[PDB]
Amino acid sequence: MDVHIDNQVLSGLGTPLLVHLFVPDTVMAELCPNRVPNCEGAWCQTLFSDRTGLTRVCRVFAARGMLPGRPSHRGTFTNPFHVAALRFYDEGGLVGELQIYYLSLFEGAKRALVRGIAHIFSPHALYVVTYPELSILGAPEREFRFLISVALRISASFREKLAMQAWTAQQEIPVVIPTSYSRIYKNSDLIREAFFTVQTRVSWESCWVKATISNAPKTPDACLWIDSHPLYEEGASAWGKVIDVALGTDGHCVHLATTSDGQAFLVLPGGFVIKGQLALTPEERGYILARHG
Amino acid sequence: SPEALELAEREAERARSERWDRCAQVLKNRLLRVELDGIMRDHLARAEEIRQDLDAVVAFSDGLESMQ
Amino acid sequence: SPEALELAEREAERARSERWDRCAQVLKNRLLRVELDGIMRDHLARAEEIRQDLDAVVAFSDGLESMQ
């Protein structure tokens with residue numbers, strides 16, 4: 001609760017209006033895997049569709065709370081149709097982006113003053129506090145479709161490079177094949193699944209997105225940004241791994257590696273490597289520069 | 001093999017379209033539930049005005065014989 | 001060992017390919033649209049009934065002042 005008056009004496013005198021929102025830990029279970037760390041650095045930003053695009057980045061400190069007299073609210077405290085996003089980190093390796101929406105808030109702000117609301121993006125119940133001082137369908141979809149268009153172009157670019165090389169293969173990474181099977185040259189089974197998952201994988205924190213955003217010329221030219229999502233959907237996919245290889249050695253890994261210059265590499269089990277090319281218009285650079293940086 | 005590429009795109013198009021069908025129906029269901037709650041509160045919120053003004057009519061009509 | 005790697009991939013292909021089917025139907029939206037019009041007709045019916053009673057009560061108020 002102290003965070004509200006802290007903002008109103010320091011940031012509320014820099015930003016006009018504020019809506020004070022409390023998030024249960026069950027809603028936190030969406031973003032963070034297997035961790036309950038305190039949410040100080042959490043950055044809330046706004047993002048509004050179909051007119052113009054802008055974000056304003058601010059920390060509201062979160063602490064776990066016993067202060068509701070109602071038992072049910074035991075937990076953490078921190079043009080309608082648009083988005084807010086909370087970017088959550090700690091000292092360790094954990095980054096999450098949560099999306100709060102409107103028309104849960106303007107209806108929710110209706111009278112411990114508290115009311116329950118629903119999430120649209122990641123459906124759970126949240127609770128809104130009101131302090132005594134106080135075109136639908138295209139709007140969420142864009143961050144999906146934009147990124148998925150990139151995937152299609154990247155996938156098509158792979159095909160063009162295979163069209164360069166008489167449509168077979170070449171091995172760029174020294175990985176010994178697991179055995180010299182006779183029943184291995186049906187590896188057409190593998191490459192199809194690449195175009196299965198690469199098109200069905202879309203998230204804001206893809207590897208090539210971080211490859212687009214480069215602080216330096218030299219160190220990103222020397223550095224590789226990789227992600228491996230497993231085959232066929234068993235488990236949780238990892239994005240944004242840094243290489244300051246073993247991925248080709250172990251199975252269940254369609255490795256994908258992007259340089260900062262937009263050059264991509266699809267690596268199959270067995271060390272087969274296909275180079276891919278990226279195409280980004282300055283609109284796309286403007287969008288990724290806006291959100292990511 | 002170049003022929004299997006198309007097959008990979010066809011299955012991927014099917015899955016990507018099904019994701020939107022499922023997401024769109026779920027969000028329509030949840031938001032329509034929210035607006036049924038909203039119209040419930042709306043009709044109650046002016047039924048309050050109705051009953052406040054009815055009580056105003058009776059409370060001032062009790063003062064009619066004190067205003068004649 | 002490549003044998004167990006292949007067996008895990010094969011059983012994985014079975015269940016992971018099985019996870020693909022999804023279903024959707026259109027008629028639910030049209031029935032949902034029909035119910036709103038029905039409820040609107042019903043609310044208009046009760047509204048006009050209570051309007052006729054409200055118009056009648058003023059007439060009774062003018063009529064029974066004669067008895068005094």
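Assorted remarks:
- Of residues in region B:33-47 being of a type outside the set (A, V, I, L, M) and within 12 Å of chain A (Cβ to nearest Cβ), the one farthest from A:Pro123 (Cα to Cα): B:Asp42
- Test: A:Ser214 is within 18 Å of A:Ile148 (Cα to Cα), surrounded by fewer than 18 Cβ atoms within 10 Å (Cβ to Cβ) and of a type in the set (S, T, N, Q): no
Yes or no, residue by residue, for (1) within 11 Å of chain A (Cβ to nearest Cβ); (2) surrounded by 10 or more Cβ atoms within 10 Å (Cβ to Cβ):
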| residue | (1), (2) |
| --- | --- |
| C:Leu5 | yes, yes |
| C:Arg16 | yes, yes |
| C:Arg22 | no, yes |
| C:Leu27 | no, no |
| C:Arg30 | no, no |
| C:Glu49 | no, yes |
| C:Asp55 | no, no |
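- Strands (runs of 3 or more DSSP E) contained entirely in region A:1-112, each with at least 1 residues that are on the phi > 0 side of the Ramachandran plot and surrounded by 13 or more Cβ atoms within 10 Å (Cβ to Cβ): A:75-77
- Test: A:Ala194 is aliphatic (A, V, I, L, M) and assigned to a helix (DSSP H, G or I): yes
- Some residue of region A:257-267 being crowded, with 16+ Cβ neighbours inside 10 Å, closer than 25 Å to C:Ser17 by Cβ and over 21 Å from the mean Cα position of the chain (by Cα): yes
- Pick from region A:113-138, criterion buried (at least 17 other Cβ atoms within 10 Å of the Cβ) and within 11 Å of chain B (Cβ to nearest Cβ), ranking: nearest to A:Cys39 (Cα to Cα): A:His119
- Pairs with Cβ under 7 Å, 6+ apart, first in region A:150-167 and at the interface with chain B (Cβ under 9 Å from one of its Cβ atoms) and under 13 Å from B:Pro2 (Cα atoms), second of a type outside the set (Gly, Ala, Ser) and in a helix (DSSP H, G or I): A:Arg159/B:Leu5
- Scanning region C:1-50 for residues that are under 30 Å from A:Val176 (Cα atoms) and either of a type in the set (D, E, K, R) or not in a helix (DSSP H, G or I) (or both) turns up C:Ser1, C:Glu3, C:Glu6, C:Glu9, C:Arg10, C:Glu11, C:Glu13, C:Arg14, C:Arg16.
The numbers here are math on the coordinates, done by the rules we state, and not lab data. Counting neighbours? That spans all protein chains shown, and the Cβs are built from the backbone with ideal geometry, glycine included.
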